C-alpha cells in the first residue's frame, strides 16, 4: 500500500502541514509506504514557468503513479488554495489521480473561507480524474494548538482527523 502526502503551504513549518504530519504517523503505524513532498522539493523556476521537463516532477509523477492514495493539504489564501500548490497540480499529467483516493486537508482563518477552499479544490481534483474525493478536514486556525513541535489539536479536530484517516484507509482497502 503506498500513499503520497503533499504539503501545499509555502511556510516551514506550516499549520496545514501539521495535519499531514499526524496523518503520516497514523499511516506508518498501519504498514503503509508513505512518500511526503512539499514545495521545497522542486525548483521554483520549474513550477512558476510550468516546465514539464522538471527533474523532480518526473520523480514525483513516478511515485504518484504507483500510489493508491494522495493526502493533500493547503492553507486558505485569498479564499482558496495556495497558488504555490496549484503550480504543482498544474504540472501533473492529465488523469494523474485516476484510480486513486484523495483526502483533502486545509487550515484557514475563517470558517466561511474553509467552505470556499473546499468548493475550490474539488473541481481541480476532479479535473485530475480522482476516483473519489473524500469529504476532508477543513479546520480554522484556533483548532491547531501547536504546529511547531509535536502536532497538537483540539479534541474535536483530532477526532475529525482520525475519522477521515479511517475513512481514507478503508477506501483504499
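Residue numbers count along the first chain shown, from 1.
- Once the C-alpha B-factors are averaged per stretch, 106-114 and 25-33 rank with 25-33 first.
- For the set 65, 59, 126, 41, the maximum C-alpha B-factor listed in the entry falls on 65.
- When the CA B factors of the chain's modelled residues are split into thirds, the value for residue 1 lands in the highest one.
- Annotation for residue 52: CA B-factor lies in the middle third of the chain's modelled residues.
- In the PDB entry, a CA B factor belonging to the middle third of its chain's modelled residues is recorded for residue 46.
- For residue 11, the recorded CA temperature factor ranks within the highest third of the chain's modelled residues.
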